[PDB]
Each structure stands twice: as structure tokens, then as C-alpha cells.
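Structural features, examined
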Amino acid sequence: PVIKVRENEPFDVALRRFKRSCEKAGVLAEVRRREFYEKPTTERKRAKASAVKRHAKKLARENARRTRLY
Amino acid sequence: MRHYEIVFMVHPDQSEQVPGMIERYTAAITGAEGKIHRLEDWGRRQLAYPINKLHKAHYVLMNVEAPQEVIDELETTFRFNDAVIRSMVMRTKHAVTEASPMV
Amino acid sequence: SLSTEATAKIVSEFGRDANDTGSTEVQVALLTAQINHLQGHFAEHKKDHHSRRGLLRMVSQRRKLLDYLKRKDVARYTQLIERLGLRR
Amino acid sequence: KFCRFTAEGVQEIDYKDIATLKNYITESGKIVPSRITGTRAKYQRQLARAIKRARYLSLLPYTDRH
Amino acid sequence: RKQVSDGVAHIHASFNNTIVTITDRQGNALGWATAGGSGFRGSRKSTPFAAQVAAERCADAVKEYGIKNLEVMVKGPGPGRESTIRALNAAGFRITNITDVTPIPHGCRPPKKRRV
RNA sequence: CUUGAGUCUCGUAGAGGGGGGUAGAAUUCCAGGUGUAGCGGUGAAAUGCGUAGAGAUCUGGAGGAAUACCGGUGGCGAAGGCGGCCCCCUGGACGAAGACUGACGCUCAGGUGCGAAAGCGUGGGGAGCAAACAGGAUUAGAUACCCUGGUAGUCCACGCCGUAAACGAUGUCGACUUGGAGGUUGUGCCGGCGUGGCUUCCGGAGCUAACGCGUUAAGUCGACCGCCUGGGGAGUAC
Ligand SMILES: [Mg+2]
Ligand SMILES: [Mg+2]
Ligand SMILES: [Mg+2]
Ligand SMILES: [Mg+2]
Ligand SMILES: [Mg+2]
Ligand SMILES: [Mg+2]
Ligand SMILES: [Mg+2]
Ligand SMILES: [Mg+2]
Ligand SMILES: [Mg+2]
Ligand SMILES: [Mg+2]
Ligand SMILES: [Mg+2]
Ligand SMILES: [Mg+2]
């Protein structure tokens, strides 16, 4: 995430461009994910739980479109 | 005989040996009835990262069909040759007589 | 697996035609050729349990084909296991 | 979406083709997911092999902080 | 006592503390300041405000070298990442570029999860 | 006899396995430079490290172990399991057009092999992690949780062990019985229409005590095997 400040560029927006580049690279999450050891059993329990919950919200959204609240 | 694609990169200070080493390797393959299907000299290029503090290297690409035993002497020759800083021998399905996207 | 060359040398040598790739003799000779070839592989790769499981299937398949051939016609059975050098 | 390797009928993604490969890595040098670029699963694997194979020859970088 | 005019700021933002080291382009340190040594202990030490004070003291520590432009190399996940870069600008340096140099293994086994 | 089973021909995908080599990032250690008073850690602290110059930052080296991104209810394997890249050796699966053998099948007590991790033996290696252990806290107490360290071990070679919530808590093989939405990998024809293999979710009849399963059945059937007979004692004693 290398941001080179451009000419006639106000500082803050370059600081905004930097915050964007680090989040798109996901480096902060990558550091937080690597600070404690994650067992292979648990990484898989999470991955699965992520997928089944990502799946459930889609069908819940498809279904809620065929509904009225009032 | 199997097909191999060899990409070896050479120290920039010994680019003058690059024409020389090619015929020696060519003679070794052609000595053993191996064909040479392609042979491209990419010349000096900029490396993406430093390799042994080097910032440039002389890339040479050749596609051959040889008996697999012959490739071993090429791999051993690349290993002990300090001119060669990196190499890669890869099996290919068929002859590759075309032109690299680098030329 | 065996080369097509060797496969064709077996088909012709053991079948009554070059298209007779399915006769019991050709199959037993084909499995025997690959079983013998793999002996050198497992003399160096004793910890290759996954590939040895496929080998033991050739051993089992060849045994089931010989047992079939024995009870259908003994003349072809005894003539075959001597060419292949099999104990039985 | 719209996988550009089925569209161009590629047979191998050819690590030497640095012009193509640079389209499928981020600014910091990481392979872009097939979910983002819409590459087919079959070609995304060959793309990752070619990118790792080019990274080794120093045709491509591993990271941006080399 | 030497004049450089072109330095590099290294923000070391951990979860517990922030360290600011201003080095020249060659990597030789000119001065440094930390959030912990800026009058902040414990809960205070790991705040974005404690990093801002740490940045100002490091700018006040290298004032005799006359640095004019300053590269900023940020490392770590700490709360003092963003607020330390602002304070360097507030002091009066010119931020030429900002980079994240947080080390990522592509490595060793991390310590075990805390059961708090 | 050819429809079950198998063989041959062409190709495809794959972390299937075994052996060797190598790359980049990072950690740690060592030596040196700049520099100076803290660092580290926590809920907060302290232990600990630091003026004998730490931590931070840069340079060179040593070493081991794991391969970010790609990466996906994605793939491969009988299961256990398998993830950088390259080569060598090797197993299996699938698909298309035929030819060939001629039911040559299925299941399998005993037997045989394979079988996570921990553990054991012998010889190596040892970065990071970390049972035991030591200290600091917390606490009424705190043989813990938290912190700072840290040895076996984790790694390699060979041998043993033979067990796991080794789980889909669902034996193997075969046939039959409305659908929908995907993923993955072939293939034929003209993005469109078919046809195969594997796989994920929803649901119909049916089944089920219910939960639920539902063409990958826990539905309808056949073949063979394993096992159960109230709880504890006890998967214990001999
Ligand atoms: Mg910790
Ligand atoms: Mg076969
Ligand atoms: Mg038994
Ligand atoms: Mg073990
Ligand atoms: Mg041991
Ligand atoms: Mg020992
Ligand atoms: Mg501990
Ligand atoms: Mg398991
Ligand atoms: Mg399971
Ligand atoms: Mg059971
Ligand atoms: Mg269902
Ligand atoms: Mg007992």
C-alpha cells in the first residue's frame, strides 16, 4: 500500500487515499488474523459457518421480497 | 524424448558469455539427438526483485525435446555455473515453435 | 502405466489377434507386465502406500482372472502361467 | 465478470505473458480473486500457477516491499 | 548538528504502544519518541491521542537537523497509525509519501489464543 | 449370449502418493552502524528486558519451520488425510467413438494391510510454538484462566503403537420412485439445445417418535456382513 502524494494535493485526501489502499489490501485484518494461532479444526468450523450464514441471508432476502409487512 | 522449456537467467556482468553458453548447451542436446524447437535470447531485463543483490539479468529461453537424462546434465551444469543465477526446467506437452510474448 | 508399445507387444504376443485385447490371456499378461515393472518402483519407494494399493488391485484382478481361466479350460491356463512364470 | 480466457479461447495462460498477468494482480502484487475479475474456475487455477511461476523468475513481484 | 532536510518517519503502532522514529533516507535514526515516554501509562498509552503527543515530541526532537520533507512508513495495527501521521503534518513537515510496511508472513506458528 | 464385470485405443481435471531440488515473506539469533530512555505486557499491574545502550531503524550473515494472496458448502483420496514452485517415479477417476473377453459378479467371519494426534525406540535437527516446570499476578484459596520465560514434544530417517466426537454419530453392492436452484469437470450439436461423472442447498410423495431424510434417502426392494437387547457396576475385573 504505497501512496505517493501528488502535486497540489491536500494532505487529508492523500491520507484518505492511504486509508483506502490499506483497507483494500486488507492488511489490518490480516494482522489481526495472525496474532493468535487458529486450529485447522476451527478455521474450518468458521469457514463453514461463514458459508452457511452467507447462504441463509441470500434465501432470506429472496423470500422477504415475496412478502408484505403491512 | 520429452519436451522441456528452459528459462535460465544469467549474471549481467557475463552477458558476453551468453552467446557462448548457448552453443555448448545446444551441442549437448543436439549431441544426444535432441531437437531444439525454440531458442530466444531476451537479453538484459530489469528484475522484479533483487537476486543476489543483482537488479538486472540476462534471460535466455529455449524449447527442446531431449531424452530426459540429458536434461539432468543441463540442470547440473546450471547448478555449478555461477554465471547462471536462476533457471527453470519445465515439461511441456508438445513442441512450442512460436514466439514468446516477450518478443 | 505400461506404454502403448509394450501394450501392443503383449496384445499381439498373447491374443489371437491384434484386436483381441480383452481375452483372459491378454489381460493376465498385461497385468503381469505392470506388476513386474512396479517391483522396481516399490524397492525404492517402500513408503508409497497409495500407489501400492493400486498395485495390489492388479494382483487381485490377475488372481481372479486366473481362477476363471483355470475352471473354463485348463489347457490355456497351464500354457499361460508358464509363459508368464507364475507359481499358479 | 466475463472471463476473458474463455472469450479469447486460451489453452494455457503462459506465465511468460507478463502483459496479461499484470491485469490479475493488485497494486501490492497479490492475485485478484476470480470472484472480482469473473474468471472461470478452470482458468483461475492456471492463472495462479502462471503468476507464481513468473514470480519465481522475477518477471513479477511477490510483494510491493521487496 | 548536520542538516539533512529529507528524513523518513517510522511509526511503530502496536496494540500497546506507539513508537515514532525519524531516520534519514539511509536509515540512521535522528531522534525518536514513544507514547509511553510522553507521560502516558497503561490505558492512556494505547490511545490515538498518546500517539499524537509522541509524534510531536519526535518532531521536536529532530528540529536541529532542519528536516523539510518526510517519508512516512507505518507499521503495525495500532490505534496510533492515523493520528500520528496527522501530527507530523501539523508540526510542519511535508509528507512526500505514506506506505504501510506491516510485516506479513507468507511462517512461524503464532501464540495460542487467550481464554479470557 | 451380451446388458453386469473387465481389457485396449485418444484426451481431461485434480493439495492422490513417494523421492529430490529450489524461491519469497516473516520470526528468532549473531556481528556492526545511527541513536537514547525506556521497552514489553495487562482489565490494571508485576515478573522480565534496558544506560554493560535496550526498544526503534538500517546493513551483512546463520538457521529452522510453515507456504499470505489464489482459496471457493472448490478439488483429489478407501478411510486417516492431501495446499508455494520445478523435476523424477507412481495410483486412481472420468469422458468420446469403437473393438475385444464373455456374467467371468456382489458380499465377506477368520486373515492381511492402511490408519489423525499424542506417545514410545534409535540417530539427527531445533527458528516459532509449547505439556512439565519457574516466577508475576488474580483470588478466600486460584496446583487454573491472564503475564513473563521455558524443557520434552512439535520437524527429519527408520521402527513400534493401533487409538479419536477415526462422525454423515448413517456398512457394502445393485435396481426403482415428482421437482427447483447452484458449483465443478468432460463431451456432442447449432450465446442457445442436449448428454455424462462428482458435488452443495431447498423441497414433493413416502418414511420417521419427533427432529428431520427426501433420486447422494432415513422412500420402495434384493444380496451379504457387522452389531444391539434397561441403567449403574463396566468396556471394568480375571
Ligand atoms: Mg501475547
Ligand atoms: Mg486401467
Ligand atoms: Mg474382519
Ligand atoms: Mg506423531
Ligand atoms: Mg521421538
Ligand atoms: Mg532423539
Ligand atoms: Mg504460557
Ligand atoms: Mg476426521
Ligand atoms: Mg466430519
Ligand atoms: Mg460407532
Ligand atoms: Mg431435504
Ligand atoms: Mg481393558
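This text goes with the structure placed above it.
Residues numbered from 1 in each chain as written, not as in the entry; some residues may be left out. Chains lettered and ligands numbered in written order. Part of a larger assembly, values for the part shown. Heavy atoms only, no water.

**Remarks on the overall build of chain C**
- Regarding its fold elements, chain C presents 4 helices and 0 strands.
- Helices (α) and strands (β) of chain C occur, in sequence order from the N terminus, as α-α-α-α.
- Looking at chain C as a whole, 34% of its 88 residues qualify as buried.
- Accessible surface, chain C as shown: approximately 6,100 Å² in total, 49% of it carbon and sulfur.
- Of note, chain C has its 17 positive side-chain charges centred 9 Å away from the centre of its 10 negative side-chain charges. (Helix = DSSP H or I, 4+ residues; strand = E, 2+ residues; numbered from the N terminus. Buried < 20%, exposed > 50% of the residue type's maximum accessible area, 1.4 Å probe, protein only. Areas by Shrake-Rupley, 256 points an atom, 1.4 Å probe, with all protein chains shown as cover. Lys, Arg positive; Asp, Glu negative; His and termini not counted. Charge placed at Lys NZ, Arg CZ, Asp CG, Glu CD.)

**Considering the packing of aromatic side chains**
Residue and element names in this part refer to chain B.
- Taken as a whole and judged by the stated rule, the model has 8 aromatic pairs over all chains.
- Here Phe8 and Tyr25 contribute two aromatic rings whose centre-to-centre distance is 5.8 Å and whose plane-to-plane angle is 75°, an arrangement assigned as edge-to-face. Placement of the pair is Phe8 in strand β1 (residues 2-10) and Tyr25 in helix α1 (residues 18-31), with a sequence separation of 17 residues.
- Take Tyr25: its relative accessible area is 5%, and that puts it in the buried class.
- Ring plane angle 25° and centroid distance 5.0 Å describe the contact between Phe8 and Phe78, whose orientation is recorded as stacked. Residue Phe8 is located in strand β1, and its partner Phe78 is located in helix α2 (residues 68-80); the two are separated by 70 residues in the primary sequence. In this pair, the class of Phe8 matches that of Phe78, namely buried.
- Connected via pairs of aromatic rings, a cluster forms that spans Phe8, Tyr25 and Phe78.
- The aromatic ring of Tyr59 is capped on one face by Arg45, whose charged end is 5.1 Å from the ring centroid. (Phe/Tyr/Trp six-rings, centres within 6.5 Å; stacked < 30°, edge-to-face > 60°. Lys NZ or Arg CZ within 6 Å of the ring centre and 35° of its normal.)

**Quick word on the interface of chain E and chain A**
- Taken together, the contact between chain E and chain A spans 25 residues of the former and 22 residues of the latter.
- With both sides pooled, the region where chain E packs onto chain A buries about 2,100 Å², and carbon together with sulfur makes up 66% of that total.
- The tally of links from chain E across to chain A stands at 1 salt bridge.
- The residue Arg94 of chain E makes a salt bridge to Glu7 of chain A at a minimum N-O spacing of 3.9 Å.
- Counting across the interface, chain E meets chain A through 5 residue pairs in polar contact. (Contact = heavy atoms within 4.5 Å. Buried area = accessible area lost by both parts, 1.4 Å probe. Salt bridge = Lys/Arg side-chain N within 4 Å of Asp/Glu carboxyl O. Polar contact = N/O pair within 3.5 Å; in protein donor to acceptor, adjacent residues only side chain to side chain.)

**A closer look at the packing of helix α3 (residues 49-72) of chain C against helix α4 (residues 74-83) of chain C**
All names here are of chain C.
- At their nearest, the axes of α3 and α4 sit 6 Å apart, and the two run at 135° to each other. With respect to each other, α3 and α4 are oriented oblique. Every residue of α4 that contacts α3 at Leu66, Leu69, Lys70 and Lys72 is listed here: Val74, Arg76, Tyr77, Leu80 and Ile81.
- Across the contact of α3 with α4, the residue classes tally to 6 nonpolar, no polar and 3 charged. (Axes fitted to C-alpha atoms, helices over the stretch in contact; angles between N-to-C directions. Parallel < 35°, antiparallel > 145°, perpendicular 65-115°, else oblique. Nonpolar A, V, L, I, M, F, W, Y, C, P; charged D, E, K, R; others polar.)

**Some words on the sheet that holds strand β5 (residues 94-100) of chain E**
- A sheet is described by the order of its strands in space; here 6 strands give the open sequence β1(A)-β5(E)-β4(E)-β1(E)-β2(E)-β3(E), paired in mixed fashion. Each having just a single partner strand, β1 (2-4) of chain A together with β3 (29-34) of chain E make up the two edges of the open sheet. Between one strand axis and the next, the sheet turns by 15° as a mean value, whatever way the strands run.
- Inspection of the sheet shows β1 of chain A paired to β5 of chain E by 3 bridges, in the antiparallel sense. Note that in β5 of chain E the partner of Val2 of chain A across the bridge is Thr99 of chain E. (Pairing = 2+ DSSP bridges.)

**Digging into the pattern of salt bridges**
- Evaluated as defined, the whole model comprises 20 salt bridges over all chains.
- Across the salt bridge formed by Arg76 of chain C and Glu25 of chain C, the nearest N and O atoms sit 2.6 Å from each other. In this pair, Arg76 of chain C sits in helix α4 while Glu25 of chain C sits in helix α2 (residues 24-44), placing the two residues 51 residues apart along the sequence.
- A cluster of three or more residues bridged by salt bridges with shared partners is formed by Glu5, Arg38 and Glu40 of chain B together with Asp14 and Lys16 of chain D.

**Details of the packing of helix α1 (residues 48-61) of chain E against helix α2 (residues 82-91) of chain E**
All names here are of chain E.
- At their nearest, the axes of α1 and α2 sit 8 Å apart, and the two run at 35° to each other. The crossing of α1 and α2 is right-handed. Facing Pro48, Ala51, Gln52, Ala55, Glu56 and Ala59 of α1, the residues of α2 in contact are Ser83, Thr84, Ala87, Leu88 and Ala91.
- Among the residues making up the contact of α1 with α2, the classes are represented as 7 nonpolar, 3 polar and 1 charged. (Left-handed = near helix turned anticlockwise from the far one by under 90°.)

**Here we look at the side chain of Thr23 of chain E**
All names here are of chain E.
- Among the structural elements, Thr23 can be located in strand β2 (residues 18-24).
- In terms of polar contacts, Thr23 uses its side chain to reach the side chain of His10, at 2.9 Å.
- For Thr23, the residues in contact, after removing those within four places along its chain, are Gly7, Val8, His10, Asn28, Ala29 and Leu30.

**Some words on unusual backbone geometry**
- A positive phi is found at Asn8 of chain A, a non-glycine position, where the angle reads about 55°.
- Checked against the element boundaries, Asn8 of chain A lands in the loop between β1 and α1 (11-24).
- Phi at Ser5 of chain E takes a positive value of approximately 65°, unusual for a residue other than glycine.
- You can see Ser5 of chain E is positioned in the segment before β1 (6-13).
- With relative accessibility at 35%, the residue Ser5 of chain E sits in the partly exposed group.

That's the geometry; what it means functionally is another story.
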